[PDB]
> 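After the structure tokens below, expect a handful of questions from me.
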Amino acid sequence: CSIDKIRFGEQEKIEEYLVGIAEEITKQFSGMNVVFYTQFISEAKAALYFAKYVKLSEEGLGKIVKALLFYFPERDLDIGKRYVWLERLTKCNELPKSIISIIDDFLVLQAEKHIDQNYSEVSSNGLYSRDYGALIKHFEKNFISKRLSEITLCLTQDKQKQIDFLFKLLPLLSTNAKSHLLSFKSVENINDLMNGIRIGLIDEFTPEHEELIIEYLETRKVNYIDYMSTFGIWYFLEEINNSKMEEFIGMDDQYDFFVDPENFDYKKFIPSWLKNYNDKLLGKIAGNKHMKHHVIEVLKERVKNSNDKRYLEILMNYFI
Amino acid sequence: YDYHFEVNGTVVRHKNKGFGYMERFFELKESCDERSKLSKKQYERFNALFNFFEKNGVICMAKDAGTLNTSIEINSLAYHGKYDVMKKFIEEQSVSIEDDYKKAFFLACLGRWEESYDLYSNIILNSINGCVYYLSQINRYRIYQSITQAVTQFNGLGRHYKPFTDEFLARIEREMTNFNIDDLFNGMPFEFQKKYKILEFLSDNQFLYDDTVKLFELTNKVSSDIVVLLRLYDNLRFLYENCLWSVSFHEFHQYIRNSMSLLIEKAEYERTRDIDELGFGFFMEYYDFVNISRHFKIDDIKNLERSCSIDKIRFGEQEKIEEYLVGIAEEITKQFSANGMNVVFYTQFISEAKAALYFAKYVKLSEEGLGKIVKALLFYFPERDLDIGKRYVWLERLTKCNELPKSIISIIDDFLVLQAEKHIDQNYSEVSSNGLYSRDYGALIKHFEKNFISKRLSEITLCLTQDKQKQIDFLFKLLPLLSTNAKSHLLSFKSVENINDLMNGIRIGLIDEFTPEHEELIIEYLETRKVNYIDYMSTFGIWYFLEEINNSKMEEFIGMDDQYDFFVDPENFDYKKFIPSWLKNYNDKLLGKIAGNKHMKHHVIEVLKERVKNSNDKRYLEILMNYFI
Amino acid sequence: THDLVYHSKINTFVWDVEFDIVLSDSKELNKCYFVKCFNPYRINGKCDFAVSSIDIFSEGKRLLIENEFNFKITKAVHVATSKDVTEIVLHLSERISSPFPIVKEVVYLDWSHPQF
């Protein structure tokens with residue numbers, strides 16, 4: 001169903017129930033009731049999950065976004081999930097200045113949690129602190145994190161975990177912050193390569209950058225006898241012209257589909273792959289002419305036999 | 001409540017705080033060495049206990065569970081529809097009162113409700129353990145409820161039937177006046193109420209509320225499917241093997257409808273969810289086929305076909321399904337070829353009869369069997385339930401798995417000739433609720449043979465005169481089946497003088513090819529319409545596009561109907577006059593022909609793209625999907 | 001208008017009404033209705049184009065349409081409630097731009113077809 005196109009009446013009563021469910025989250029997890037918790041959170045998780053379709057006042061959004069980001073136990077709503085709950089809240093209410101401050105407060109704490117070298121973030125969906133930072137940078141473009149830059153300027157080489165954490169948030173840092181951070185850290189790892197191409201540090205992959213992709217690919221090859229999908233999209237998008245990755249097919253089916261569409265076995269094609277792609281990459285897939293007829297059958301099957309309306313939109317907008 | 005007895009036969013310690021007797025019993029069962037330690041009386045008791053537990057499918061504890069085999073076996077002639085066998089069992093003199101109880105259920109199952117009520121009254125008289133007495137009291141009240149319901153139904157509704165005499169109706173009312181089924185269990189001996197507490201639920205008005213609420217899990221989108229299915233089989237086995245008449249009431253039939261459907265939809269959901277993530281579940285057996293046949297209405301099966309894809313569901317025990325299908329089709333011959341129709345047994349059986357053959361589309365049937373079902377369906381099915389229009393669909397569905405061979409073709413030919421025989425009367429006219437007539441059966445034979453000529457129809461056609469007009473126009477719908485001599489003989493009876501006779505000829509299949517004369521007749525009508533400018537016009541336009549007409553003088557009349565110029569010249573057509581509603585009126589062939597025209601294609605694909613986005617119409621979406629128009 | 005159901009597989013209306021119509025030959029028919037049958041998989045001839053076959057019933061008996069069936073509605077009566085509904089029929093007739101707008105009942109042969 002298209003719930004977003006369904007109007008919501010009695011909006012203030014919904015908001016009052018949403019802020020009320022927010023206050024109870026803070027009160028429980030700041031004198032917790034373990035029996036009360038097991039029944040309350042399922043309602044709490046769903047209420048904030050469904051709040052995307054609700055227009056909320058700035059004061060009300062502040063209370064709920066504060067409880068969701070800070071006082072929601074990590075046991076059930078992980079940081080990757082908590083971002084998704086936070087992200088859905090931006091559908092009806094564009095990120096205000098009051099709300100945006102709360103998110104930086106979370107990042108400063110996340111940086112504070114990263115002062116210990118043992119601490120690491122756990123995400124089921126693969127979303128981390130760098131993805132909220134994108135959400136900050138998405139709504140307002142020229143935002144500088146004053147407190148995160150302060151920790152950036154006080155960084156030393158010993159506290160490596162802060163160095164790797166702050167680099168993922170590089171746009172948010174100030175000019176003096178990034179220059180100090182760039183002096184302390186250089187892009188030398190395959191994880192660093194993706195982070196650089198995401199934040200915007202590097203625009204076009206250098207020959208050294210392909211060498212990092214090749215070396216990981218041979219490392220995967222010797223282990224064969226999840227960054228593989230990202231590499232295939234990079235080649236199929238023509239941003240990479242190294243042309244040696246044809247020697248690295250066979251590990252996962254997503255890679256082979258992108259690198260050589262003509263030789264791919266589309267019985268192993270997964271319909272859910274189309275959902276993760278973006279507009280530009282979906283358009284490129286439709287324009288490839290090598291897999292267009294094959295994916296026509298896959299999408300046409302899905303709209304017939306599956307209830308997801310995303311496939312129909314993908315089929316109708318791009319004719320992939 | 002000392003233990004849980006799960007549907008797979010595993011016992012779980014639940015609430016007893018004393019010695020564990022169920023655990024001890026299973027240890028005695030597995031190894032025989034400790035068995036000899038018991039006394040002789042306890043040895044024979046254990047053997048009786050062991051027989052009960054293996055017959056009821058209770059094998060061992062949960063922690064000792066291994067290769068579990070849960071195959072449903074209902075030892076009841078009534079469930080399998082062995083109508084002939086129960087008749088023989090009823091006819092035989094009954095040795096014991098237990099046989100009388102089985103007889104009365106069989107009499108109730110066979111529509112002889114008056115006899116079962118008398119038998120149940122007889123059993124109650126002679127049965128005062130007292131368990132059959134209680135079960136007969138439950139069943140006699142149930143059959144009295146069925147009789148009262150049937151009397152109300154028959155009074156409301158094709159001809160006036162009086163299966164129960166008013167003397168019998170008045171008698172059972174005086175026997176069952178102010179009769180309380182609720183007080184029945186409480187008034188039983190206190191020994192019975194202790195030993196047979198599990199039989200109390202049969203006296204309640206509703207007894208499947210627990211099973212229906214547990215069906216909600218089948219809608220969960222987050223084994224259980226085996227639990228619901230085995231719980232269903234448990235309810236079936238208890239209600240049939242113990243011969244309880246509540247198995248024929250609306251509550252149980254609806255429960256089987258709810259549980260079977262939700263099991264099917266849940267398996268359908270699992271398949272689509274799997275393909276979404278895995279990128280390429282329910283397996284029916286003989287018992288599932290019987291459950292769907294007996295308990296589902298034709299509408300209820302229809303809700304199943306639209307929601308899920310049963311063609312993706314594989315059918316097992318097809319010979320047993322065939323035996324069920326040849327067994328049931330035999331009873332239709334007995335019910336209607338002879339004068340053995342039981343009006344009470346009619347109402348319950350025809351619904352199962354209709355559902356079984358409708359569901360027989362998905363089963364592979366042998367030739368000898370397929371002949372029996374087809375001949376019983378075509379000839380011996382009463383027209384009130386399965387009329388001419390609906391009956392072909394039942395017949396045509398059997399061709400999905402069984403491509404029409406010669407022998408079945410002969411049977412349909414027999415049906416067609418018999419249909420021609422009834423047309424000697426001018427008053428006789430086929431009544432179809434589906435807009436579907438005897439022409440469609442002949443088209444089916446021509447579809448499967450492409451060369452079959454009906455000899456007997458040819459003889460009837462050659463014998464025809466100008467008098468019996470009802471026969472002439474009837475066989476014009478069967479022209480492809482006739483021989484050349486019959487075709488030449490028949491064509492002399494109609495004329496194609498004016499344009500109206502041409503449309504009548506095109507509709508009845510009188511002519512399938514356009515000689516140049518009809519083109520002029522086609523041409524003459526259009527100039528009159530063009531002159532009179534200041535229905536058929538759209539129809540002519542399609543034939544020119546379908547290459548039915550090669551006169552090429554069609555462009556003179558461009559400008560009156562937006563559908564006409566839309567077909568005559570797609571390249572020059574203005575598509576702001578295009579209405580998407582036309583594509584809904586177009587069949588498979590026409591839409592496909594529009595798709596491959598290489599003209600008009602990008603305009604209609606744009607109109608279809610606009611419509612689905614604005615309206616989200618499934619018909620528009622499927623029209624765009626299948627042919628890419 | 002409470003029994004009025006719009007089918008979207010064929011842009012027609014299902015309504016429990018009768019029709020009093022006159023053709024182009026002044027012939028009159030009283031208490032007549034129509035039934036539509038969606039059969040997309042019908043075994044068509046070389047000259048069958050319409051996806052729906054319609055049968056016109058008057059006085060409970062089907063009509064054999066031997067002539068042109070161009071017609072105009074003179075009086076439409078809703079069966080359950082005898083209120084005249086002719087104005088609604090003509091208003092609905094103009095909108096749908098399809099033959100035979102109001103139909104007594106639509107029969108769907110698609111779900112029952114073995115090729116479904």
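Because only heavy atoms are used, hydrogens play no part in the values below, and waters and symmetry mates are left out as well, while side chains stay in. In the text below, chain A, chain B and the rest are named by the order of the sequence lines, each starting its count at 1.
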> So if I take each residue of residues 71-84 of chain A and look for any heavy atom under 4.5 Å from a heavy atom in chain B, which residues do I end up with?
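At a heavy-atom separation under 4.5 Å, chain B is reached by no residue of residues 71-84 of chain A.
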> Among pairs that include at least one residue of residues 285-302 of chain A, which meet side chain to side chain donor-acceptor pair (under 3.5 Å), considering only residues two or more places apart or in two chains?
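Residue pairs with at least one partner in residues 285-302 of chain A: A:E262-A:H290, A:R302-B:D276.
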> What part of B:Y269 gets closer than 4.5 Å to chain A, counting heavy atoms only: side chain, backbone, both or neither?
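B:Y269 has no heavy atom closer than 4.5 Å to chain A.
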> Identify which part of A:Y266 has an atom lying under 4.5 Å from any heavy atom of chain B, answering side chain, backbone, both or neither.
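Neither part, no heavy atoms under 4.5 Å.
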> Within the 3.5 Å criterion, strictly below it, is a donor on A:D308 or A:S306 matched to an acceptor on the partner's side chain?
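Their side chains do not contain a donor-acceptor pair, so the 3.5 Å distance test is not met.
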> Which bit of A:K309 is near chain B, if near means a heavy-atom gap under 4.5 Å: side chain, backbone, both or neither?
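Looking at A:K309, nothing touches chain B.
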> May I ask you to check whether B:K364 and B:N402 show a side-chain donor-acceptor distance below 3.5 Å?
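Short answer, yes.
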> Is A:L315 in contact with chain B via its backbone, its side chain, both, or neither, using a 4.5 Å heavy-atom distance?
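It is neither, since no heavy atom gets under 4.5 Å.
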> Heavy-atom pairs under 4.5 Å with chain B are the metric here; pick the option from A:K267, A:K304, A:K275, A:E313 that has the most.
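When all of A:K267, A:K304, A:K275, A:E313 are compared, A:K304 has the most.
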> Below 4.5 Å from any heavy atom of chain A, which atoms of B:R271 appear? Answer side chain, backbone, both or neither.
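The side chain, not the backbone.
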> So which of A:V303, A:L312, A:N307 has the biggest tally of heavy-atom pairs under 4.5 Å with chain B?
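Most heavy-atom pairs within the cutoff with chain B belong to A:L312.
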> Using modelled atom types only, decide if a donor and an acceptor are shared between the side chain of B:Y358 and the backbone of B:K302 within a distance under 3.5 Å.
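The answer is no, because no donor-acceptor pair under 3.5 Å joins these two groups.
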> Within the distance-only criterion (no hydrogens, no angle test), does the side chain of A:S42 pair as donor or acceptor with the backbone N or O of A:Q39 below 3.5 angstrom?
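Flag not set: sc A:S42 to bb A:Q39 has no pair under 3.5 Å.
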> Side-chain donor-acceptor pair under 3.5 Å between A:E10 and A:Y17, yes or no?
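A:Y17 and A:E10 do not have a side-chain donor-acceptor pair below 3.5 Å.
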> Given a strict heavy-atom distance threshold of 4.5 Å, which part of B:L278 is in contact with chain A: side chain, backbone, both, or neither?
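Looking at B:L278, just its backbone touches chain A.
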> Has A:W273 got a side-chain atom pairing as donor or acceptor with A:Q254's backbone, closer than 3.5 angstrom?
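Checked: no pair found.
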> Would you check if B:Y209 and B:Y255 make a side-chain contact, meaning some heavy-atom pair closer than 4.5 Å?
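No; the side chains remain at least 4.5 Å from each other.
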> Any chance the side chains of B:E217 and B:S224 put a donor and an acceptor closer than 3.5 Å?
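There is such a pair (donor and acceptor under 3.5 Å, judged by atom type) between the side chains of B:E217 and B:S224.
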> Do the ring centers of B:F545 and B:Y586 come within less than 6.0 Å of each other?
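No - the distance between ring centres of B:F545 and B:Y586 does not fall below the 6.0 Å cut-off.
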